[PDB]
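In what follows, a structure is listed as structure tokens, so that the remarks can point back to it.
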Amino acid sequence: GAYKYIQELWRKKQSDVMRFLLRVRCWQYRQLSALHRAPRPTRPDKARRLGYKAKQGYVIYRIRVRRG
Amino acid sequence: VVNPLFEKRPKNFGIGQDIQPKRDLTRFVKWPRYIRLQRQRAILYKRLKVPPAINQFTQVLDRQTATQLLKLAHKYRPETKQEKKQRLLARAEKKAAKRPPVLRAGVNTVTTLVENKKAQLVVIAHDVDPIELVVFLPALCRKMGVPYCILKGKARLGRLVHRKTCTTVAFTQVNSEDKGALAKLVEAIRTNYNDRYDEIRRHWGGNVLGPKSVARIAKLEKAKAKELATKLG
Amino acid sequence: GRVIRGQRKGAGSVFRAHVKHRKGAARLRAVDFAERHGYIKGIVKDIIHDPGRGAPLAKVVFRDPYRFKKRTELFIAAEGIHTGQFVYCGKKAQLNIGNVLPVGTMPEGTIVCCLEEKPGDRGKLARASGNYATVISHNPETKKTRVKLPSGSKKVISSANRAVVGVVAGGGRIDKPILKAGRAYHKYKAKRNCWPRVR
Amino acid sequence: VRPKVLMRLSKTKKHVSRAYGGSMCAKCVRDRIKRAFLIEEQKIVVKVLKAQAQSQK
Amino acid sequence: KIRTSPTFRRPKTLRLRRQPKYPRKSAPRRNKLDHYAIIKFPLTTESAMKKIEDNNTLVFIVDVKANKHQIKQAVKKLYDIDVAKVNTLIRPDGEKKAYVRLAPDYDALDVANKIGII
RNA sequence: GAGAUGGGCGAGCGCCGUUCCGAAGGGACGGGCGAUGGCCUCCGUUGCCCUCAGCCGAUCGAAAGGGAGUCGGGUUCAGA
RNA sequence: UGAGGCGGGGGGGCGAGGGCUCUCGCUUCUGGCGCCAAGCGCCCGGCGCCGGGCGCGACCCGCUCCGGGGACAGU
């Protein structure tokens, strides 16, 4: 399918397409709360590799953790 | 005839003269925490230099050809849970006493058959939240010689099937009468997307300033250019 | 080994301010539409005494132009203001004592007080008993103003920040010699526990 | 009388039959009558002298 | 659609009622403060009898979680008299003593015999 | 003064802070609508639509602060 | 600050040589008053009779709530 096409993209974080899109969500999450729920995985290829099955009962939470 | 008791009483809303009436205030509303986040994300899609591999998703197909293509796609809709049920009762009744070409929803169905070159036209949604799930596909069908068109909105594209959203829909084969209906479309589509591949690569997106700043920078471009014009004579 | 007295004051909880009988935040009126473009008229209702401030306070009362309601502020009084005196507020206002206006519309050398150091922060500068600030020089380009401060330190600041005209009342308070230790005790008992100082 | 007792005593014990009765002292009520009329009269004197200004200009 | 105030008030959403598929508890719990549990026993005190002739009242030992209204109905429906007032107090030993002033067209001196105390 | 929520921080029990990065009112006024009762009179009650709202921060904190309203006589071995 | 009128482009009055440059869109003697649209035009509903609405009044356009720093404070 297309997941392998997404797989080698996410390994290109220094590229301009990723360097942009990473800084958008990083800006976007930084205006949100410290602990909240996301409706769907923003990184779906890494989800199913870790065992995420898109069905009722799978809930994900996107949080921010202090650097350092 | 007229009652002379009716006196005209205008109100001078001068500075410190009369109370202000209930005019509009939509531009100064303290918007909620989620809406204020929701709007300036469209600003950041105009401020920064958007890279051209995702800038190509504001370069979308027009109004009137989206009508015909969905009219062309209002004929190959998938069998529902009923149209499967009314398919299976039809095959099981012939057990006691070939498929038409239908579409393919989802990228996992599409990206396989483009590699097998089985597709004849690809329909694309432009406003997926992880844009990375689509970004490879326009640059892929160029290398596969498959015509692709982008459509604004995934929901109106999501109603070809009876689901919410659909990212990608494929036209793999058609009926016999529906051959000249697409052969003119590809001739009108590949002259926007595939043969004009090189010109999309050098066209970055965004890089727009503000209407309170382009009012500022240009006003000094107007005051400087009105100086140097009369310096000659 | 022990914590020094000067170190304990940053913790508070004894040395915190005695804010019981204090009236309130002695601020300017906030910026708005009327004060930005034209002027607005006010009424000084009364002059109250804030404990812990050797400068007096005045209850100016306004009439809001958006909702039918009567607004009251706490301006730092200028010496010469009397009750029932129409004090004006805005940029289009004139130049007399007790009349706040942005600096850039004023001429040079003007004695003012209760000054802001940023546009719209309701005043910070020169608001003790009997001090003032003087407008040294404007700059019509980029809207800047050099202003003197009551320490002798000249300051560059913007043109939109504003100030009432005239000195703060109660000038020359420190000319009176406190003679017995109780008057100083009764002075600092309205501010904080800091008076008996041990060398 | 104490303010909670004001529920008991009737209307006539709690005001005086007058404009601003019970809320303002009459000595400064007539001074509000004198003030309110003179200002509106002087305000008319504003309009009349502004009626000659743009005819000659 | 013009906003009058710059502060955006949360819209007043519709709310449903509690329409449960099943009750959380099985049966209505029986009230353990019925007419008999409230009245434990009257007194036999040499100071209680003097209270009866003079004041025309009745003394009792009432359950501690009861109120004056419940005492007034308990005497009214078990010994079938009417009450003028009920004055409670909590004894040092813990239970609640209640003086029960009956309706003045009755004599409690007789009604002490139907409840037995003499 | 004390102390929840939002938020922030914290490995963590938790701590921070009390109007501060918050959709913080579950309120009514009349109007229209739809309905219900007792002489479904008229009024009472519920639901929807339209219209209205400055509150200021959940809460706790005084048996000497604030706080409407009771006194005389007589009565018990001991209570007024 | 209860995020109440920010910036352009338009409408008129003050002015010298029919637009252009622009000030300006109205409030100052006085311890009063000011919210809950007059007015005006135009639709609709009902037995000349009562009751509703749209748009002016109260320009239009916009993308950053106004402001001030600024790739430096700061972490």
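Following the order of the structure tokens, chains are lettered A, B, ..., residues in each are numbered from 1, and ligands are numbered from 1.
Once segment 161-177 of chain C and its same-chain neighbours fewer than 6 positions away are set aside, residues 55, 77, 78, 79, 97, 98, 99, 100, 101, 102, 103, 112, 113, 114, 115, 116, 118, 119, 129, 130, 131 and 132 of chain C remain within 6 Å of it when counting only C-alpha atoms (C1' of nucleotides).
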### Task
For chain E, report every residue with an atom at most 10 Å from chain F (counting only C-alpha atoms (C1' of nucleotides)), formatted as a PyMOL selection string.
chain E and resi 7-15+47+50+54
### Task
May I have the residues of chain B within 10 Å of chain F, counting only C-alpha atoms (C1' of nucleotides), written as a PyMOL selection string?
chain B and resi 31-34
#### Entry: Test item, strand (DSSP E or B) assignment across segment 9-204 of chain B, answer as JSON, numbers by chain
{"B": [30, 49, 50, 104, 105, 121, 122, 123, 124, 125, 148, 149, 150, 151, 168, 169, 170, 171]}
So that I have them on file, write out the residues from the current selection with C-alpha atoms, as a short mmCIF file (atom, residue, chain, number, x, y, z; two decimals), in the first residue's frame.
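What follows is the written file result-v6.cif:
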```cif
data_model
loop_
_atom_site.label_atom_id
_atom_site.label_comp_id
_atom_site.auth_asym_id
_atom_site.auth_seq_id
_atom_site.Cartn_x
_atom_site.Cartn_y
_atom_site.Cartn_z
CA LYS B 30 -12.53 37.68 22.11
CA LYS B 49 7.18 30.01 2.22
CA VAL B 50 5.07 26.89 1.72
CA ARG B 104 -11.18 2.21 -5.47
CA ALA B 105 -11.30 4.30 -2.31
CA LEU B 121 -7.68 8.62 -13.75
CA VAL B 122 -7.02 9.55 -10.11
CA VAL B 123 -9.24 11.81 -8.01
CA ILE B 124 -7.57 13.54 -5.06
CA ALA B 125 -8.80 15.26 -1.90
CA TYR B 148 -4.40 13.05 -11.62
CA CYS B 149 -6.72 15.89 -10.69
CA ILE B 150 -7.14 17.48 -7.27
CA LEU B 151 -10.54 18.32 -5.84
CA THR B 168 -8.29 9.04 -3.28
CA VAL B 169 -10.65 7.54 -5.87
CA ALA B 170 -9.42 5.69 -8.96
CA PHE B 171 -10.87 5.12 -12.42
#
```
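Closest approach to chain B among G:48, G:19, G:34, G:75: G:34, based on only C-alpha atoms (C1' of nucleotides).
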### Message
Distance cut-off 6 Å, counting only C-alpha atoms (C1' of nucleotides) - which residues of chain D neighbour chain G? Return them as a PyMOL selection string.
### Response
chain D and resi 32+35-36
Take the selection from the previous step and output its residues with N, CA, C and O atoms, as a tab-separated table (two decimals), in the first residue's frame.
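Saved file again_38.tsv follows:
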```tsv
chain	number	residue	atom	x	y	z
D	32	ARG	N	-30.44	71.81	41.32
D	32	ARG	CA	-30.45	70.97	40.14
D	32	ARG	C	-31.48	71.42	39.12
D	32	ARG	O	-31.28	71.21	37.92
D	35	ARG	N	-29.83	74.47	37.60
D	35	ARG	CA	-28.70	74.06	36.76
D	35	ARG	C	-29.18	73.46	35.45
D	35	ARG	O	-28.60	73.73	34.39
D	36	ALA	N	-30.23	72.65	35.49
D	36	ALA	CA	-30.64	71.91	34.30
D	36	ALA	C	-31.25	72.82	33.25
D	36	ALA	O	-31.15	72.53	32.05
```
### Message
Could you tell me which residues of chain B sit within 10 Å of chain A when counting only C-alpha atoms, and give me the result as number ranges by chain?
### Response
B: 33-34, 36-38, 40-41, 44-45, 48-54, 106-113, 115, 129-137
### Task
Considering only C-alpha atoms, extract the chain B residues located within 6 Å of chain C and return them as a ChimeraX atom specification.
/B:15-16,19-20
#### Entry: Which of chain E DSSP labels helix (DSSP H, G or I), written as a PyMOL selection string
chain E and resi 46-55+68-78+108-114
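Residues in contact with residue 8 of chain G at 9 Å, where only C-alpha atoms (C1' of nucleotides) are counted and same-chain residues fewer than 2 positions away are skipped, are listed as residues 211, 212 and 215 of chain B; 61 and 62 of chain G.
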Selection to disk with N, CA and C atoms (P, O5', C5', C4', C3', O3' and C1' of nucleotides), as a PDB file, in the first residue's frame:
```pdb
ATOM      1  N   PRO B 211      -2.125  42.587   5.382  1.00  0.00           N
ATOM      2  CA  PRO B 211      -2.732  43.807   4.830  1.00  0.00           C
ATOM      3  C   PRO B 211      -2.551  45.023   5.717  1.00  0.00           C
ATOM      4  N   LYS B 212      -2.023  44.854   6.925  1.00  0.00           N
ATOM      5  CA  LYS B 212      -1.568  45.976   7.726  1.00  0.00           C
ATOM      6  C   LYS B 212      -0.078  46.220   7.571  1.00  0.00           C
ATOM      7  N   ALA B 215       0.086  47.406   3.478  1.00  0.00           N
ATOM      8  CA  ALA B 215      -0.310  48.807   3.507  1.00  0.00           C
ATOM      9  C   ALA B 215       0.837  49.682   3.984  1.00  0.00           C
TER      10      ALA B 215
ATOM     11  P     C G  61     -18.407  45.400   2.343  1.00  0.00           P
ATOM     12  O5'   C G  61     -16.826  45.233   2.250  1.00  0.00           O
ATOM     13  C5'   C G  61     -16.182  45.194   0.987  1.00  0.00           C
ATOM     14  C4'   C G  61     -14.702  45.455   1.101  1.00  0.00           C
ATOM     15  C3'   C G  61     -13.905  44.431   1.885  1.00  0.00           C
ATOM     16  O3'   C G  61     -13.611  43.286   1.111  1.00  0.00           O
ATOM     17  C1'   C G  61     -13.236  46.622   2.502  1.00  0.00           C
ATOM     18  P     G G  62     -13.944  41.823   1.675  1.00  0.00           P
ATOM     19  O5'   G G  62     -12.512  41.218   2.011  1.00  0.00           O
ATOM     20  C5'   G G  62     -12.151  40.899   3.345  1.00  0.00           C
ATOM     21  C4'   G G  62     -10.812  41.485   3.709  1.00  0.00           C
ATOM     22  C3'   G G  62     -10.222  40.995   5.021  1.00  0.00           C
ATOM     23  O3'   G G  62      -9.577  39.741   4.903  1.00  0.00           O
ATOM     24  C1'   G G  62     -10.133  43.339   4.975  1.00  0.00           C
TER      25        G G  62
END
```
Using only C-alpha atoms (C1' of nucleotides), which residues sit within 12 Å of residue 15 of chain G once same-chain residues fewer than 5 positions away are excluded, as a PDB file with N, CA, C and O atoms (P, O5', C5', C4', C3', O3' and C1' of nucleotides), in the first residue's frame?
```pdb
ATOM      1  N   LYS D  57     -19.583  83.412   5.591  1.00  0.00           N
ATOM      2  CA  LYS D  57     -18.385  82.727   5.111  1.00  0.00           C
ATOM      3  C   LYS D  57     -18.664  81.985   3.809  1.00  0.00           C
ATOM      4  O   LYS D  57     -18.945  82.599   2.780  1.00  0.00           O
TER       5      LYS D  57
ATOM      6  P     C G  22      -3.286  63.512   0.908  1.00  0.00           P
ATOM      7  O5'   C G  22      -3.669  64.107   2.336  1.00  0.00           O
ATOM      8  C5'   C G  22      -2.671  64.340   3.320  1.00  0.00           C
ATOM      9  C4'   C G  22      -2.946  65.599   4.104  1.00  0.00           C
ATOM     10  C3'   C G  22      -4.215  65.602   4.940  1.00  0.00           C
ATOM     11  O3'   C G  22      -4.076  64.926   6.178  1.00  0.00           O
ATOM     12  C1'   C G  22      -4.097  67.606   3.705  1.00  0.00           C
ATOM     13  P     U G  23      -5.381  64.450   6.991  1.00  0.00           P
ATOM     14  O5'   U G  23      -5.603  65.604   8.066  1.00  0.00           O
ATOM     15  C5'   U G  23      -4.512  66.120   8.815  1.00  0.00           C
ATOM     16  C4'   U G  23      -4.791  67.524   9.282  1.00  0.00           C
ATOM     17  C3'   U G  23      -6.068  67.709  10.086  1.00  0.00           C
ATOM     18  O3'   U G  23      -5.941  67.331  11.444  1.00  0.00           O
ATOM     19  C1'   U G  23      -5.947  69.377   8.420  1.00  0.00           C
TER      20        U G  23
END
```
### Query
Taking only C-alpha atoms (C1' of nucleotides) into account, what are the residues of chain F at most 12 Å from chain D, put as a ChimeraX atom specification?
/F:67-69
Could you write out that same residue set with N, CA, C and O atoms (P, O5', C5', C4', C3', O3' and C1' of nucleotides) as a PDB file, in the first residue's frame?
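The file below, result_22.pdb, is the result:
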```pdb
ATOM      1  P     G F  67     -25.831  45.254  62.762  1.00  0.00           P
ATOM      2  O5'   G F  67     -26.690  43.961  62.413  1.00  0.00           O
ATOM      3  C5'   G F  67     -27.332  43.816  61.156  1.00  0.00           C
ATOM      4  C4'   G F  67     -27.826  42.405  60.966  1.00  0.00           C
ATOM      5  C3'   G F  67     -28.698  41.864  62.085  1.00  0.00           C
ATOM      6  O3'   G F  67     -30.048  42.266  61.968  1.00  0.00           O
ATOM      7  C1'   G F  67     -27.021  40.292  61.588  1.00  0.00           C
ATOM      8  P     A F  68     -30.615  43.436  62.907  1.00  0.00           P
ATOM      9  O5'   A F  68     -32.191  43.255  62.831  1.00  0.00           O
ATOM     10  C5'   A F  68     -33.002  44.254  62.239  1.00  0.00           C
ATOM     11  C4'   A F  68     -34.408  43.759  62.043  1.00  0.00           C
ATOM     12  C3'   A F  68     -35.098  43.242  63.291  1.00  0.00           C
ATOM     13  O3'   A F  68     -35.680  44.289  64.043  1.00  0.00           O
ATOM     14  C1'   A F  68     -35.395  41.710  61.505  1.00  0.00           C
ATOM     15  P     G F  69     -35.400  44.412  65.618  1.00  0.00           P
ATOM     16  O5'   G F  69     -36.387  43.348  66.251  1.00  0.00           O
ATOM     17  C5'   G F  69     -37.768  43.377  65.938  1.00  0.00           C
ATOM     18  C4'   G F  69     -38.403  42.048  66.223  1.00  0.00           C
ATOM     19  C3'   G F  69     -37.995  41.408  67.535  1.00  0.00           C
ATOM     20  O3'   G F  69     -38.710  41.931  68.635  1.00  0.00           O
ATOM     21  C1'   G F  69     -37.896  39.806  65.802  1.00  0.00           C
TER      22        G F  69
END
```
### Task
Pick out the chain G residues within 12 Å of chain B. Count only C-alpha atoms (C1' of nucleotides). Give them as JSON, numbers by chain.
{"G": [1, 2, 3, 4, 5, 6, 7, 8, 9, 25, 26, 27, 28, 33, 34, 35, 36, 37, 38, 39, 40, 57, 58, 61, 62, 63, 64, 65, 66]}
Pull the closest atom pair for each residue of chain A that gets at most 12 Å from chain G, along with the distance in Å to one decimal, counting only C-alpha atoms (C1' of nucleotides), ordering rows by chain and then ascending residue number, as JSON lines.
```
{"residue": "A:66", "atom": "CA", "partner": "G:75", "partner_atom": "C1'", "distance": 10.6}
{"residue": "A:67", "atom": "CA", "partner": "G:75", "partner_atom": "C1'", "distance": 9.3}
{"residue": "A:68", "atom": "CA", "partner": "G:75", "partner_atom": "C1'", "distance": 9.6}
```
